[PDB]
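Peer 1: One structure, as structure tokens, below. Some questions next.
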Amino acid sequence: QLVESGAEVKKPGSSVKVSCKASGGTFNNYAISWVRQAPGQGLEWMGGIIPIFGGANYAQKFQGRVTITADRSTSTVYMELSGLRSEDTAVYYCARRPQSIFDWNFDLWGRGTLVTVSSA
Amino acid sequence: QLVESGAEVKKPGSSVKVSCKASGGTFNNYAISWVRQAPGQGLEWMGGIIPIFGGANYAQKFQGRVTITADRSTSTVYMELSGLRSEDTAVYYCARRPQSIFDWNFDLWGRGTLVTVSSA
Amino acid sequence: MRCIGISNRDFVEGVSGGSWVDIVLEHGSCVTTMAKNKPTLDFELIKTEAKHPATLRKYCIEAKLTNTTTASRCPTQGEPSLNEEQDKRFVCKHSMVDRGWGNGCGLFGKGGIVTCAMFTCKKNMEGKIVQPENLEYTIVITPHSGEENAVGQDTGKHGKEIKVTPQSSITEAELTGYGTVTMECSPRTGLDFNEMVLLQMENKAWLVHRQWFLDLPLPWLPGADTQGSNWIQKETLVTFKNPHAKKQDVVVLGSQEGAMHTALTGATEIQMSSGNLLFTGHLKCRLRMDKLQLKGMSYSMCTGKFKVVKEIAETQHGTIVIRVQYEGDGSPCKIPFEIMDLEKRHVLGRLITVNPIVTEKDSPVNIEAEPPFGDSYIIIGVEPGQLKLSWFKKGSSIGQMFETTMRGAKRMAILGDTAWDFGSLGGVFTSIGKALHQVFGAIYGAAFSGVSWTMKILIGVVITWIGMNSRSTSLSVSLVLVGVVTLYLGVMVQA
Amino acid sequence: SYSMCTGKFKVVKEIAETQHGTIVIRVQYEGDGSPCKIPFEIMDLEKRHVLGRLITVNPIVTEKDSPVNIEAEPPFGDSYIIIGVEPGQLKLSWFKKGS
Amino acid sequence: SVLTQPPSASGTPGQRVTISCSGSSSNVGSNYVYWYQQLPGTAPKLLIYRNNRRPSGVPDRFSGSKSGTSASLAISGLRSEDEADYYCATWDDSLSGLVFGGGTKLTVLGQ
Amino acid sequence: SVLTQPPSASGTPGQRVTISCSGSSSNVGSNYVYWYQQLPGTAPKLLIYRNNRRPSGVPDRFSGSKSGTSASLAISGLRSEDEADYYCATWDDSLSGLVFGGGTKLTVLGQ
Amino acid sequence: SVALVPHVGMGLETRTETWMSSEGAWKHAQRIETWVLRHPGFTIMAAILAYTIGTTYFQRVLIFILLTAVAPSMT
Ligand SMILES: *[C@@H]1O[C@H](CO)[C@@H](O)[C@H](O)[C@H]1NC(C)=O
């Protein structure tokens, strides 16, 4: 029930915005967070958003390099990463959770979006 | 004591008005309902009216498509159907029932008007 | 953690002989009920659905004029005749235009003129009505335990939703482990839907007063029309112009949606898009605790280490919530919890989440307590690894008294006479106070209906001044009291 | 010379108020001993007082599925219509607006 | 929803046959149930009115049954006359209209 | 502060294997633990939440084991399809953000 | 206009926030203040008339306030 933006290609030192659509029911009743999977590597947590409240929180890895926002008019959540580089090459995921301080069960997972950072 | 209108053959997209002429006693003492039976299909209730009171009520399927009215001067009841289509083809009946809100015992019927939506 | 952190939360304490207590449930508020030997429960009116509406009237907000026509009569020869003037679908007006040989007439003077135009509706607002027996109040009853609330917001095992309708005066909720709760709510007296209209303009709806809705100066349809072309007062949505008395013209006034939004200032917005359900109003309920027992009282006690996983959090209501995790054996047990002084001689505060237990020992338990004003120590567990967490509550009992008095005054200003039913036991004083409130509120609502808060304040000032400058000492006191109450209501109104 | 119904009644038509201060309610009977008296009372919330009088004196059920519509005059305050006996008893709230 | 009714019915002359019409709490069991016999090329005829009360027209052999949430029409003795489409009509409080059943064509053996 | 998980695990059909995920008190043992399986080229799936609870639709062969400061996951009735990368997700109070384990690529001798 | 008859004093307001409560609470006061600023001449006349129809400084002030409030409201 969660639609994420299609495959994208970028370049070093660039900004990429990753968009995830919502179902409206999970927009004002749940929370959304972003997890990045590097090529052939493990999961990584970047940040999360509660769309109705909208005060995002970020992992220390990406604090200052990412900005997560939710479009309440279109029930969409956006992930923007700036200052890209080779390391930032990975697939990006968005999932929804109960929006409770203690609940982090990502029952619905976005199909993911591939962001490739390369000199050419 | 209840006489209906003659056969009518119509065309798609038109409107058809059916006449049911009741007697004086049935006009001032009983209600009249409109039931249409599609070709090779079961009975369906379109609506009804208390001719003396004249407030018409319709099946939820026919809101904005069926108009039922009474002519107290000629003691007649009319059913008008808008947006005639292929599925609107059926025989139409006017039945006499008491005006209580609990009893729908049709002890009188007309003879049915065949609203043939076709070309002959 | 829902009734905790609503900021509109009331603690009703104790039951009466009979094990029933009276509570008024509001949509934006919460009621947590505590009785001796009874589990604490959280009550919340979370939805009011009105079913099977009937359109009472249809109003025109945006119209358009077409098929404009005019007719003229030479002076002294009577009135012009327009065939369109026989069709009520056409708005028309008569006037006078000076005529003469130049204008193509005969004699000179003021010749009658009638202009007509086809009035058509582009946008309308529909007012709907519902019978009080078609209202359905959804009330969520969650036992005030530390159990993890649910897998997610969608489906929660902890909360128990009961639907209250006028058809049945008694509703029962099976709270697994606590017995059953009996809600006997009065849906006929929360909102009087015989005096209220459900007005939806364009993907927005309001709960409005019926007479106000019928007094609107707009074109309207009866609501039984089904034709949608015969509007009653089309002149309110058009303007006829004869500036120099030589030509008559008609124009349409423009969309009245912004004007209707302004006119709807004091109404409460509701949802009518899907289901016709609203989230304003109260519900007086009699809560019967006859068959509510505590949960897990056959468990012995926890002999093991408790660790605080979330620091003690002070709630908006003078209560603290502690999240603790169990590390010992005998997984299902009763958490040893107490609030004592430094020397642990006395118990200083009471537990809100009565009879706390750890079920799985992996799932933490949110314990809520009400510590005393000042320094208190939350003792958790037995001495082998006993937790002792200090706390300071920033307040005073006199401040709490004043705040409770202000909260009760506000509730009376909002619920009127129904405020005496809140947390009430069938006492004589409460009944007589409610009767006096009903009489006084009837008089006051007769004297102040249809006035704004500024008018209320001015009237209160005038009345209090008259009382101050009153020869009678009893009249002075009575008038000053009435003026003070009027000033309070004017300040606390329009919310 | 009939015994109380001791069965379950169902309200097939909600309480409708007339313009004479009384109310009329339509109840069906799903129980045994069809020709029985209908246990109809109009009490307060605690069922400690009888507040109204049913002006359909001695309502009885001639047939099981045949509906019977009782007319009663409730009090001007809040009142409750109790139809039936302990198993499946119907408690109907009602409010009368006058004085 | 609508009163579910058995599309196919079969019987033999001299045999008692009944038709079952099952409705909801608002279709049947809360309102009277009326049964109609509709022969081909003719208007429906009221068989039993109220809750299974025979109008004077229908012979005593005709009768109907009503239950908590379902109704039935009883035929005392059978003939080829009972070979027709059968409908159970009852006011629905939720549907706010007279809703018939699906229609039961009763087939009488003997051909 | 970082969840530690074995890089890979192996098993045979019908022979369950256990995957361990150890972290500090702040990381695990003080917060719920979530286990995900990530098949190649597909988004991670939620196996268990609240340290032992399987979301509806998850086969009962999966068990959620939690300890004082470490957690373990086991797959009863091992099959060829269970081969995947397994991650343990748990918010850690320190670092104030959700943390993932290194992942475990379970190996099944299907060829 | 329909906007000249707001749904203000109907006695239906709950604890829930109404449609334009906060915005429209002080709109009347703002309108009166701006009108009195733009039309001082009528304010002096109203003060003089109130003082003439006096017999009490309470009556003077009440009449002055009522005149100043009605003048813009009357249109
Ligand atoms: C209004 O004018 C249009 C213009 O063609 C015409 O078609 C229509 O019939 C007119 N309506 C009436 C009621 O005369």
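As shown in the structure tokens, the chain order sets the letters A, B, ...; within each chain, residues go from 1, and ligands are also counted from 1 in the order they appear.
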Please identify all polymer residues within 12 Å of residue 16 of chain A, counting only C-alpha atoms, omitting same-chain residues fewer than 5 positions from it, and present them as JSON, numbers by chain.

Peer 2: {"A": [5, 7, 8, 9, 10, 11, 65, 66, 67, 68, 78, 79, 80, 81, 82, 83, 84, 85, 88, 89, 92, 113, 114, 115, 116, 117]}

Peer 1: Could you please take those selected residues and save N, CA and C atoms as a PDB file, in the first residue's frame?

Peer 2:
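out19.pdb, freshly written:
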```pdb
ATOM      1  N   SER A   5       9.291   6.108  -5.299  1.00  0.00           N
ATOM      2  CA  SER A   5       9.692   6.659  -6.584  1.00  0.00           C
ATOM      3  C   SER A   5      10.584   5.675  -7.340  1.00  0.00           C
ATOM      4  N   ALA A   7      13.472   4.105 -10.131  1.00  0.00           N
ATOM      5  CA  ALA A   7      14.927   4.066 -10.119  1.00  0.00           C
ATOM      6  C   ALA A   7      15.509   5.382 -10.617  1.00  0.00           C
ATOM      7  N   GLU A   8      16.553   5.848  -9.937  1.00  0.00           N
ATOM      8  CA  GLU A   8      17.181   7.123 -10.242  1.00  0.00           C
ATOM      9  C   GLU A   8      18.692   6.951 -10.308  1.00  0.00           C
ATOM     10  N   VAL A   9      19.339   7.870 -11.021  1.00  0.00           N
ATOM     11  CA  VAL A   9      20.788   7.894 -11.161  1.00  0.00           C
ATOM     12  C   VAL A   9      21.274   9.307 -10.877  1.00  0.00           C
ATOM     13  N   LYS A  10      22.376   9.417 -10.143  1.00  0.00           N
ATOM     14  CA  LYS A  10      22.882  10.709  -9.697  1.00  0.00           C
ATOM     15  C   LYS A  10      24.392  10.739  -9.903  1.00  0.00           C
ATOM     16  N   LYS A  11      25.021  11.798  -9.410  1.00  0.00           N
ATOM     17  CA  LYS A  11      26.449  12.028  -9.555  1.00  0.00           C
ATOM     18  C   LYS A  11      27.006  12.524  -8.232  1.00  0.00           C
ATOM     19  N   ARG A  65      22.996  15.780   6.681  1.00  0.00           N
ATOM     20  CA  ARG A  65      23.079  15.460   5.265  1.00  0.00           C
ATOM     21  C   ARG A  65      21.756  15.002   4.670  1.00  0.00           C
ATOM     22  N   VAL A  66      20.726  14.801   5.488  1.00  0.00           N
ATOM     23  CA  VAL A  66      19.439  14.316   5.011  1.00  0.00           C
ATOM     24  C   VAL A  66      18.336  15.208   5.559  1.00  0.00           C
ATOM     25  N   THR A  67      17.217  15.244   4.840  1.00  0.00           N
ATOM     26  CA  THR A  67      16.054  16.020   5.257  1.00  0.00           C
ATOM     27  C   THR A  67      14.811  15.265   4.809  1.00  0.00           C
ATOM     28  N   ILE A  68      14.026  14.795   5.772  1.00  0.00           N
ATOM     29  CA  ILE A  68      12.828  14.009   5.506  1.00  0.00           C
ATOM     30  C   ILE A  68      11.614  14.893   5.740  1.00  0.00           C
ATOM     31  N   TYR A  78       9.087  12.479   1.617  1.00  0.00           N
ATOM     32  CA  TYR A  78      10.240  12.754   0.775  1.00  0.00           C
ATOM     33  C   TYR A  78      11.526  12.609   1.575  1.00  0.00           C
ATOM     34  N   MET A  79      12.523  11.979   0.960  1.00  0.00           N
ATOM     35  CA  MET A  79      13.863  11.872   1.521  1.00  0.00           C
ATOM     36  C   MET A  79      14.836  12.541   0.563  1.00  0.00           C
ATOM     37  N   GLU A  80      15.548  13.551   1.053  1.00  0.00           N
ATOM     38  CA  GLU A  80      16.541  14.267   0.267  1.00  0.00           C
ATOM     39  C   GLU A  80      17.904  14.111   0.922  1.00  0.00           C
ATOM     40  N   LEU A  81      18.873  13.629   0.149  1.00  0.00           N
ATOM     41  CA  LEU A  81      20.246  13.475   0.604  1.00  0.00           C
ATOM     42  C   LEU A  81      21.139  14.376  -0.234  1.00  0.00           C
ATOM     43  N   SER A  82      21.955  15.184   0.433  1.00  0.00           N
ATOM     44  CA  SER A  82      22.830  16.142  -0.221  1.00  0.00           C
ATOM     45  C   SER A  82      24.287  15.743  -0.030  1.00  0.00           C
ATOM     46  N   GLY A  83      25.142  16.287  -0.890  1.00  0.00           N
ATOM     47  CA  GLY A  83      26.555  15.953  -0.833  1.00  0.00           C
ATOM     48  C   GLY A  83      26.831  14.490  -1.102  1.00  0.00           C
ATOM     49  N   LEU A  84      26.164  13.918  -2.101  1.00  0.00           N
ATOM     50  CA  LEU A  84      26.315  12.505  -2.403  1.00  0.00           C
ATOM     51  C   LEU A  84      27.770  12.168  -2.714  1.00  0.00           C
ATOM     52  N   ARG A  85      28.076  10.876  -2.667  1.00  0.00           N
ATOM     53  CA  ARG A  85      29.396  10.370  -3.023  1.00  0.00           C
ATOM     54  C   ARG A  85      29.269   8.878  -3.312  1.00  0.00           C
ATOM     55  N   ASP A  88      27.340   6.732  -0.755  1.00  0.00           N
ATOM     56  CA  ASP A  88      25.891   6.900  -0.733  1.00  0.00           C
ATOM     57  C   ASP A  88      25.173   6.058  -1.779  1.00  0.00           C
ATOM     58  N   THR A  89      25.898   5.353  -2.641  1.00  0.00           N
ATOM     59  CA  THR A  89      25.261   4.466  -3.604  1.00  0.00           C
ATOM     60  C   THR A  89      24.607   3.297  -2.881  1.00  0.00           C
ATOM     61  N   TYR A  92      17.208   2.604  -1.396  1.00  0.00           N
ATOM     62  CA  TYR A  92      16.582   3.311  -0.290  1.00  0.00           C
ATOM     63  C   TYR A  92      15.166   2.795  -0.078  1.00  0.00           C
ATOM     64  N   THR A 113      13.990   2.178  -3.868  1.00  0.00           N
ATOM     65  CA  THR A 113      14.442   3.001  -4.980  1.00  0.00           C
ATOM     66  C   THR A 113      15.962   3.000  -5.001  1.00  0.00           C
ATOM     67  N   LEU A 114      16.534   2.733  -6.171  1.00  0.00           N
ATOM     68  CA  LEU A 114      17.978   2.648  -6.327  1.00  0.00           C
ATOM     69  C   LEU A 114      18.538   4.025  -6.664  1.00  0.00           C
ATOM     70  N   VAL A 115      19.500   4.481  -5.870  1.00  0.00           N
ATOM     71  CA  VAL A 115      20.206   5.732  -6.111  1.00  0.00           C
ATOM     72  C   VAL A 115      21.667   5.383  -6.346  1.00  0.00           C
ATOM     73  N   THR A 116      22.170   5.705  -7.533  1.00  0.00           N
ATOM     74  CA  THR A 116      23.543   5.406  -7.918  1.00  0.00           C
ATOM     75  C   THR A 116      24.326   6.708  -8.002  1.00  0.00           C
ATOM     76  N   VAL A 117      25.435   6.778  -7.273  1.00  0.00           N
ATOM     77  CA  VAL A 117      26.329   7.929  -7.296  1.00  0.00           C
ATOM     78  C   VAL A 117      27.624   7.495  -7.967  1.00  0.00           C
TER      79      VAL A 117
END
```

Peer 1: Could you list, as a list in words, all residues that come within 8 Å of ligand 1? Count only C-alpha atoms and all ligand atoms.

Peer 2: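 Using only C-alpha atoms and all ligand atoms, I find these residues within 8 Å of ligand 1: residues 66, 67, 84 and 118 of chain C.
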
Peer 1: Could you please take those selected residues and save C-alpha atoms as a compact mmCIF listing (two decimals), in the first residue's frame?

Peer 2:
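What follows is the written file result-v5.txt:
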```txt
# COMPACT_ATOMS: atom_id res chain seq x y z
CA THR C 66 -28.99 32.99 -18.81
CA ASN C 67 -31.88 33.63 -21.19
CA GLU C 84 -40.88 33.86 -19.15
CA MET C 118 -33.22 31.99 -16.10
```

Peer 1: With chain A fixed, least-squares superpose chain B over all its C-alpha atoms paired in order and give the RMSD in Å.

Peer 2: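 The C-alpha RMSD comes to 0.9 Å.
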
Peer 1: Could you please tell me, as a ChimeraX atom specification, which residues of chain C have an atom within 12 Å of chain B when using only C-alpha atoms?

Peer 2: /C:52,224-228

Peer 1: Under the rule of at most 8 Å, produce a per-residue listing of chain F near chain A: chain, number, name, the closest pair of atoms, and the distance in Å, as CSV, using only C-alpha atoms.

Peer 2:
```
residue,atom,partner,partner_atom,distance
F:31,CA,A:102,CA,7.3
F:32,CA,A:102,CA,7.3
F:34,CA,A:105,CA,6.7
F:42,CA,A:111,CA,7.3
F:43,CA,A:111,CA,6.1
F:44,CA,A:109,CA,7.3
F:45,CA,A:109,CA,7.5
F:46,CA,A:107,CA,5.9
F:49,CA,A:105,CA,6.0
F:55,CA,A:107,CA,7.9
F:87,CA,A:43,CA,7.6
F:90,CA,A:104,CA,7.5
F:91,CA,A:104,CA,7.6
F:95,CA,A:60,CA,7.2
F:96,CA,A:59,CA,7.5
F:97,CA,A:59,CA,5.7
F:98,CA,A:45,CA,6.2
F:99,CA,A:45,CA,6.5
F:100,CA,A:43,CA,6.3
F:101,CA,A:42,CA,7.7
F:102,CA,A:42,CA,6.0
F:103,CA,A:42,CA,5.9
```

Peer 1: Quick one: pick out all strand (DSSP E) residues within chain D from a backbone DSSP run and write them as a PyMOL selection string.

Peer 2: chain D and resi 8-17+23-30+36-37+40-43+60-61+68-72+78-83+90-95

Peer 1: Using the selection just defined, write its residues with C-alpha atoms as a short mmCIF file (atom, residue, chain, number, x, y, z; two decimals), in the first residue's frame.

Peer 2:
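Output file selection38.cif follows:
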```
data_model
loop_
_atom_site.label_atom_id
_atom_site.label_comp_id
_atom_site.auth_asym_id
_atom_site.auth_seq_id
_atom_site.Cartn_x
_atom_site.Cartn_y
_atom_site.Cartn_z
CA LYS D 8 -37.58 -12.23 24.54
CA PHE D 9 -39.21 -9.23 22.85
CA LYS D 10 -37.64 -7.30 19.99
CA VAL D 11 -38.48 -3.73 19.00
CA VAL D 12 -39.36 -3.91 15.30
CA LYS D 13 -40.23 -0.19 15.11
CA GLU D 14 -38.36 2.35 17.21
CA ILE D 15 -40.19 4.42 19.81
CA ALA D 16 -42.17 7.12 18.01
CA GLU D 17 -43.56 10.09 19.90
CA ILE D 23 -45.18 7.20 22.89
CA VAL D 24 -45.96 4.14 20.77
CA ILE D 25 -43.56 1.21 20.40
CA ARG D 26 -43.89 -1.86 18.19
CA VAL D 27 -42.56 -5.10 19.70
CA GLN D 28 -42.49 -8.65 18.38
CA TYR D 29 -42.35 -11.73 20.60
CA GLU D 30 -39.93 -14.65 20.24
CA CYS D 36 -49.20 -14.06 27.35
CA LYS D 37 -49.06 -10.68 29.04
CA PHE D 40 -44.21 -3.44 30.26
CA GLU D 41 -43.01 -0.80 32.73
CA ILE D 42 -41.78 2.79 32.49
CA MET D 43 -39.29 3.36 35.31
CA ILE D 60 -50.87 -9.27 25.32
CA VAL D 61 -49.27 -11.33 22.56
CA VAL D 68 -48.00 -5.55 18.99
CA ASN D 69 -47.57 -1.77 19.33
CA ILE D 70 -47.99 -0.49 22.90
CA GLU D 71 -48.85 3.12 23.71
CA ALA D 72 -47.65 4.63 26.98
CA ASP D 78 -35.89 11.11 31.44
CA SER D 79 -37.53 7.68 31.52
CA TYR D 80 -36.82 4.10 30.50
CA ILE D 81 -39.16 1.61 28.84
CA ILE D 82 -38.58 -1.90 30.18
CA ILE D 83 -40.04 -4.70 28.05
CA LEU D 90 -35.24 -4.58 26.76
CA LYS D 91 -34.42 -1.26 28.43
CA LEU D 92 -35.33 1.67 26.18
CA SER D 93 -34.33 5.21 27.06
CA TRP D 94 -36.66 8.07 26.21
CA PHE D 95 -36.82 11.80 26.92
#
```

Peer 1: Excluding residue 74 of chain E and any residue of its chain fewer than 5 positions from it, enumerate the residues within 10 Å of it, using only C-alpha atoms, and give them as a short mmCIF file (atom, residue, chain, number, x, y, z; two decimals) with N, CA and C atoms, in the first residue's frame.

Peer 2:
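So the final result, stored in result-v1.cif, reads:
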```cif
data_model
loop_
_atom_site.label_atom_id
_atom_site.label_comp_id
_atom_site.auth_asym_id
_atom_site.auth_seq_id
_atom_site.Cartn_x
_atom_site.Cartn_y
_atom_site.Cartn_z
N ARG E 16 -47.35 -32.02 -0.51
CA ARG E 16 -47.24 -30.72 0.14
C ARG E 16 -45.83 -30.18 -0.09
N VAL E 17 -45.75 -28.93 -0.53
CA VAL E 17 -44.47 -28.28 -0.82
C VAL E 17 -44.48 -26.89 -0.20
N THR E 18 -43.32 -26.48 0.31
CA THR E 18 -43.15 -25.18 0.93
C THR E 18 -41.89 -24.51 0.39
N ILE E 19 -41.92 -23.18 0.35
CA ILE E 19 -40.81 -22.37 -0.17
C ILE E 19 -40.22 -21.58 0.99
N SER E 20 -38.89 -21.50 1.02
CA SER E 20 -38.17 -20.84 2.10
C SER E 20 -37.64 -19.50 1.63
N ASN E 52 -48.41 -14.70 6.90
CA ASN E 52 -49.00 -15.99 6.56
C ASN E 52 -50.47 -16.04 6.95
N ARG E 61 -56.04 -24.69 0.94
CA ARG E 61 -54.85 -25.52 0.75
C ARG E 61 -53.59 -24.67 0.77
N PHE E 62 -53.68 -23.43 0.31
CA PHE E 62 -52.55 -22.51 0.41
C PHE E 62 -52.38 -22.03 1.85
N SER E 63 -51.12 -21.93 2.27
CA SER E 63 -50.79 -21.40 3.59
C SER E 63 -49.30 -21.09 3.61
N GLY E 64 -48.89 -20.32 4.62
CA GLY E 64 -47.51 -19.91 4.75
C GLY E 64 -47.05 -19.99 6.19
N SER E 65 -45.72 -19.97 6.35
CA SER E 65 -45.09 -20.06 7.65
C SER E 65 -44.11 -18.91 7.83
#
```

Peer 1: Fewer than 2 positions away in the same chain doesn't count, so skip those; otherwise give me all residues within 8 Å of residue 32 of chain A, counting only C-alpha atoms, as a ChimeraX atom specification.

Peer 2: /A:30,34,48-51,77,94-97,99

Peer 1: Show me a table, sorted first by chain and then by increasing residue number, of the residues of chain C having an atom at most 8 Å from chain F, each with its shortest atom pair and the distance in Å to one decimal, counting only C-alpha atoms and written as CSV.

Peer 2:
```
residue,atom,partner,partner_atom,distance
C:309,CA,F:30,CA,5.7
C:325,CA,F:30,CA,7.5
C:327,CA,F:68,CA,7.0
C:362,CA,F:66,CA,7.4
C:363,CA,F:50,CA,7.1
```

Peer 1: I'd like the interatomic distance between atom CA of residue 371 of chain C and atom CA of residue 339 of chain C, to a tenth of an Å.

Peer 2: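 Rounded to one decimal, the two atoms are 6.7 Å apart.
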
Peer 1: For chain C, which residues have at least one atom within 8 Å of chain G, if we go by only C-alpha atoms? Write them as a compact mmCIF listing (two decimals) with N, CA and C atoms, in the first residue's frame, please.

Peer 2:
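Everything below was put into result05.txt:
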```txt
# COMPACT_ATOMS: atom_id res chain seq x y z
N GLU C 26 -16.78 13.27 26.61
CA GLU C 26 -16.64 14.21 25.51
C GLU C 26 -15.68 13.64 24.48
N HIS C 27 -15.78 14.14 23.25
CA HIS C 27 -14.96 13.60 22.17
C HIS C 27 -13.48 13.89 22.38
N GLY C 28 -13.14 15.14 22.66
CA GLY C 28 -11.75 15.51 22.84
C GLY C 28 -11.18 15.23 24.20
N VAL C 208 -25.04 22.70 12.66
CA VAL C 208 -25.61 24.02 12.82
C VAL C 208 -26.98 23.91 13.48
N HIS C 209 -27.44 25.05 14.00
CA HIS C 209 -28.76 25.14 14.60
C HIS C 209 -29.81 25.17 13.50
N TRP C 212 -31.49 28.68 12.76
CA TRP C 212 -30.49 29.48 12.07
C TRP C 212 -30.35 29.04 10.62
N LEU C 216 -31.47 31.37 6.83
CA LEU C 216 -30.41 31.82 5.95
C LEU C 216 -30.99 32.60 4.77
N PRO C 217 -30.44 33.77 4.44
CA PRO C 217 -30.95 34.56 3.30
C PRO C 217 -30.31 34.17 1.98
N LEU C 218 -30.62 32.96 1.52
CA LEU C 218 -30.14 32.42 0.26
C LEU C 218 -31.29 31.74 -0.46
N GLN C 256 -21.29 32.57 -3.14
CA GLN C 256 -21.49 32.90 -1.74
C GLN C 256 -20.78 31.93 -0.80
N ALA C 259 -18.80 33.90 1.89
CA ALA C 259 -19.77 34.48 2.80
C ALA C 259 -20.36 33.41 3.71
N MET C 260 -20.60 32.21 3.18
CA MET C 260 -21.13 31.14 4.02
C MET C 260 -20.09 30.65 5.03
N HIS C 261 -18.82 30.63 4.63
CA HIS C 261 -17.76 30.31 5.58
C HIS C 261 -17.68 31.34 6.70
N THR C 262 -17.87 32.61 6.37
CA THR C 262 -17.92 33.63 7.41
C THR C 262 -19.14 33.44 8.31
N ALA C 263 -20.30 33.13 7.71
CA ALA C 263 -21.52 32.96 8.49
C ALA C 263 -21.43 31.75 9.41
N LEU C 264 -20.63 30.75 9.05
CA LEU C 264 -20.48 29.53 9.82
C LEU C 264 -19.46 29.66 10.95
N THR C 265 -19.18 30.89 11.39
CA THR C 265 -18.05 31.11 12.30
C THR C 265 -18.19 30.33 13.60
N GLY C 266 -19.37 30.35 14.21
CA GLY C 266 -19.57 29.72 15.49
C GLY C 266 -19.99 28.27 15.46
N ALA C 267 -20.10 27.67 14.28
CA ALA C 267 -20.51 26.28 14.17
C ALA C 267 -19.31 25.35 14.39
N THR C 268 -19.61 24.08 14.62
CA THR C 268 -18.60 23.05 14.78
C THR C 268 -18.49 22.24 13.50
N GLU C 269 -17.28 22.12 12.97
CA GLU C 269 -17.06 21.38 11.75
C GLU C 269 -17.20 19.88 12.00
N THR C 280 -17.90 15.91 17.83
CA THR C 280 -18.15 16.93 18.84
C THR C 280 -19.35 16.52 19.67
N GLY C 281 -19.32 16.90 20.94
CA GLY C 281 -20.42 16.62 21.85
C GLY C 281 -20.04 15.64 22.95
N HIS C 282 -20.94 15.50 23.90
CA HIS C 282 -20.73 14.68 25.08
C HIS C 282 -21.69 13.49 25.07
N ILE C 414 -19.42 24.52 29.91
CA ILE C 414 -19.51 23.76 28.67
C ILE C 414 -20.70 22.81 28.68
N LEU C 415 -20.87 22.05 29.76
CA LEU C 415 -21.93 21.06 29.86
C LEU C 415 -23.21 21.60 30.49
N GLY C 445 -30.21 31.08 29.30
CA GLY C 445 -30.23 30.82 27.87
C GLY C 445 -31.40 31.45 27.16
N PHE C 448 -29.90 35.17 26.94
CA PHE C 448 -28.63 35.40 26.26
C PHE C 448 -28.48 34.63 24.95
N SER C 449 -29.54 34.00 24.45
CA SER C 449 -29.44 33.32 23.18
C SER C 449 -29.20 34.32 22.06
N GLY C 450 -28.32 33.96 21.13
CA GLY C 450 -28.09 34.78 19.95
C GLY C 450 -27.24 36.01 20.16
N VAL C 451 -26.52 36.11 21.28
CA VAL C 451 -25.63 37.23 21.53
C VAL C 451 -24.19 36.73 21.51
N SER C 452 -23.28 37.64 21.19
CA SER C 452 -21.87 37.31 21.10
C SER C 452 -21.17 37.52 22.44
N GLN C 494 -17.41 30.94 22.92
CA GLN C 494 -16.85 31.01 21.57
C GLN C 494 -15.62 30.11 21.44
N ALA C 495 -15.77 28.87 21.90
CA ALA C 495 -14.67 27.91 21.85
C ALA C 495 -15.08 26.63 21.14
```

Peer 1: Atom CA of residue 489 of chain C and atom CA of residue 413 of chain C are how many Å apart?

Peer 2: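 So the answer is 6.5 Å.
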
Peer 1: Hey, can you check how far atom CA of residue 73 of chain G sits from atom CA of residue 27 of chain G?

Peer 2: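 Pair atom CA of residue 73 of chain G / atom CA of residue 27 of chain G returns 12.2 Å.
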
Peer 1: So that I can see what lies close to residue 32 of chain D, please list as a list in words the residues with an atom at most 8 Å from it, counting only C-alpha atoms and leaving out residues fewer than 2 positions away in the same chain.

Peer 2: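 Neighbouring residues, sequence-local ones excluded: residues 5, 6, 7, 30, 34 and 64 of chain D.
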
Peer 1: Using only C-alpha atoms, find the one residue out of E:38, E:5, E:94, E:56 that sits nearest to chain D.

Peer 2: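 Going through E:38, E:5, E:94, E:56 one by one, the smallest distance to chain D is for E:94.
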